[PDB]
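Take a look at the structure set out below.
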Ligand SMILES: O=C(Cc1cncc2ccccc12)Nc1ccccc1
Ligand SMILES: O=C(Cc1cncc2ccccc12)Nc1ccccc1
C-alpha cells in the first residue's frame, strides 16, 4: 500500500544525456545511435531570441561549431540539420548505451517522467503530466533545455518531450523528439499565452480509485449521477468533460474496487461542490490529476 | 522556475538490484562489490513471521538455498551471514556496476530517493522523508522488500534505507544497510505502533522559502515572531520545535530571499492558525514538509 507520484527509473535515459555547446550557449542533448538531438535555440545568443531567423542563423554554423561532449569524451560532429525546432547533430560514434526506443507524441492528459539535466549531467527525476493546455508544470532552471520526458515499457523507452522554454508565467513548453512544439508555443522570447488550464477529470477519478484501494474511503457517498449531470458540474469547475471512453478506461479500476464509474463521479461532484472540509485524500488537500488510470493500475500492481 | 518533489537519478542504483529467492520467498537484494544485502525475513514463510527465531531459521539454510539472480545470470553464493535484520550473501563475482558508495544512517526529517523494485527489477523512483516517528510513507507492494533509499553526492551513492515491512496502519518500516531498523520496529508480524507523526518544521520553512523564490508570495505578512513564541504555536499543531540550528540551516534561503527566518516563522504561524483559506502554495493545499533546506537550495541551483 501507499501512493506516490512515481517516476520511471531513469538509468536508460541517463546513458543518453550529452552536453551540446554552440558558442557561449550550453544545453543538453539526447544521444541515440549516431544522432544527438537538442533544442535549435542552442545557436542563439540573448539578442537572437527576440526574433530569430533560425534558417539564417544555422547557415552561419558549421559541424565544428557544435561541441558535443558525453561525460568527459568529445564527440566528432559529421552532420547537422534542423527538423522543426530540434537540431540533429550526426556524430561518428553510435551511443553504446542506446536503449530500445521510440519517439512518440503524447496526448494532453498523459503523464511522463522528466530527467532534468544541466551540462549533460542529470540532477533529478520527477513525474509530471502534459496539461490540457499543452504546458508542463516542471522544475527547470537555465541550462535545463534538452532535458527529456519519457515513459518505459519493460525495456523500450518512449521519448515524448524535450524541454525548450519557460514562459513568462513560470510554466514550461517544449517539443516532441521530431521538434514539434506541444501547443501553440514558438521558440522565441515573445508574449506567449497558454490557454486556460483545465483539470484532467479521468485522472482525478483514477486517483480517487487509488485512494479507495489504499484505504481512504471517507469521500464515498450514497449517491450516483449521469455523464450529462456530472459534466454540467465539471464545466462549472473547469474540469475536462468525461466521455464513455474515459468510463471504459476506468473499467479495470471500477472492477477492482467494485465501485461503478458514475458512483465515483457523484463522489467527485460532492467534493467539487463542497470541498474537502479540511480533510485529505492520499495525503493531499486538493484533487490530484497527474496520475492516469494506467499509472494507478501500474503502481497498484507493481509493473517493472 | 517550478518546484517538484524531485528524486535523484536512479541509474547507479538500478545496476545494483538483484533478485534473492529463499524457498518460496522472493525479494530484492542490493549487490555491491561481492556482497548481496537483503532483508533477513527472506528465510521466513507466512507462519514464521508471527514469532521468528532468525538464528534458528538461518541455521537450517546453506549457501545453495539462497538463489541470487542479477538480470538473467545466476550468482554463486559462497558465504552467508546475518548482520542485525539484513542478510549478507557473499557472492564469487564483484558487481561490475558497483558505484562509489557509503552506508549512512539518516536522521528523522532527512529526505532520500527510493527505487521501488520487484523481482530484482526496478519499477519506479520517488522522493520521500524519514518521518520524525521513523516511518516512511512510501509506495510499496508485496515483493518490494529489499528496495533501497539513497542520496547521491555527484558520483557517490549514500545508501540509507532498505525496505522491510508495511505496518498494519499502511506506513512503512525498514533498516539502514547495517540491518538496524529506523525506529522501534521489529521484523515480526505483530502489533507495532508508530509514535505520533509530527511535522518537520524546518522542512516546511524551507518549502515556504522555495515558494517565495518561485513567485508564490501571498502568505507573506507584515509580522514577525520569536523562537519561543513560534514554538508555542508549533507544539499546539504537532510541529517539531524549531532550534537555532534550524535557523542557521535556513541561513542560505533567508539570504537568497532577503526574508529573515523569524519573519518566515510568523507567516507559518498565521498559516497554521488561519489555514490556507482555499489558496495554494507551490500547487499544494497543505504545508509540505518533505523538502529539506538542502533539497530546496539544490533544486533552485541545479546541483548535478
Ligand atoms: O526559457 C528558456 C530556457 C529555460 C527553461 N526552463 C527554465 C528556465 C529558467 C530560467 C531561464 C531559462 C529557462 N529559454 C528561452 C529564453 C528566452 C526566450 C525563449 C526561450
Ligand atoms: O510487510 C511486509 C512486506 C511488505 C512491504 N511493503 C508493502 C507490502 C504490501 C503488502 C504485503 C507486504 C508488504 N512483510 C511482512 C509481512 C508480515 C509481517 C511482517 C512483515
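We did not get these values from a lab; they are worked out from the coordinates using the rules stated. Cβ sites come from the backbone with ideal geometry, for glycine too, and all protein chains shown count toward neighbours.
Shape annotation for chain B: C-alpha extents along the principal axes are 69, 41, 32 Å, from largest to smallest.
Ratio of the stretch A:198-301's C-alpha Rg to 2.2 N^0.38 Å, to two decimals? Mind dumping the intermediate values first?
Values: Rg = 12.2 Å, N = 104, 2.2 N^0.38 = 12.8 Å.
For the stretch A:198-301, the normalised Cα radius of gyration comes out at 0.95.
Principal axis analysis of the Cα atoms in the stretch A:217-258 yields extents of 29, 25, 15 Å, listed in decreasing size.
Averaging Cα coordinates gives a centre for the stretch A:216-282 and one for the stretch A:146-214; these two points are 24 Å apart. Estimated purely from DSSP H runs of n ≥ 4, each contributing -39500 (n - 2.57), the mean residue ellipticity at 222 nm for the protein assembly as shown is -6500 deg cm²/dmol once divided by its residues. Helix A:227-236 and the longest principal axis of the C-alpha atoms of chain A enclose an angle of approximately 60°. Helix B:261-274 and the longest principal axis of the C-alpha atoms of chain B enclose an angle of approximately 90°. Radius of gyration (Cα atoms) of the stretch A:253-301, expressed as a multiple of 2.2 N^0.38 Å: 1.25. Plainly put, the tip 7 Å out from Cα toward Cβ on residue A:69 is 4.3 nm from that tip on each other copy, the closest given first.
When every alpha-carbon pair in the protein assembly as shown is counted, what percent end up more than 31 Å apart? Mind showing how you got there, number by number?
Numbers: 99823 of 184528 pairs.
Looking at the protein assembly as shown, the distances longer than 31 Å represent 54 percent of pairs.
Please order A:216, A:197 by the number of other Cβ within 10 Å, starting at the fewest. List each step's numbers first, then the result.
On the way: A:216 19, A:197 14.
Listed from fewest to most nearby Cβ atoms, that is A:197, A:216.
Computed on the stretch B:1-78, with alpha-carbon pairs under 8 angstrom and 6+ residues apart, the relative contact order is 27 percent.
How high is the relative contact order of chain B, in percent, with contacts defined as C-alpha pairs under 8 Å that are six or more residues apart? Mind showing how you got there, number by number?
Details: 610 pairs, mean separation 52.6, N = 304.
So the answer I get is 17 percent.
Which order do A:156, B:265 fall in if you start with the one that has the fewest other Cβ atoms within 10 Å?
Values: A:156 12, B:265 27.
The most exposed by this proxy come first: A:156, B:265.
Computed from the alpha carbon atoms alone, the convex hull of the stretch A:1-63 holds 141 Å³ per residue. Distance between the C-alpha centres of the stretch B:55-120 and the stretch B:26-50: 7 Å, rounded to the whole angstrom.
Both radii were evaluated on the Cα set of the stretch A:1-142; the Rg over Rh quotient, with Rh as the Kirkwood radius, amounts to 0.98. A point 7 Å from Cα along Cα→Cβ stands in for residue B:100, and the other copies hold the same point at 3.5 nm, listed in rising order. Each other copy places its own label point for residue B:168 at 6.0 nm from this one, sorted shortest first, where the point lies 7 Å along the Cα-to-beta carbon line. Pairwise Cα separations in the stretch B:15-99 fall into 10 Å bins from 0 onward with the following percentages, short to long: 19, 56, 22, 4.
Please work out the Kirkwood hydrodynamic radius for the stretch B:138-203, using every pair of different C-alpha atoms, and report it in angstroms with one decimal place.
On the way: mean 1/r = 0.0750 Å⁻¹.
Radius from the Kirkwood sum: 13.3 Å.
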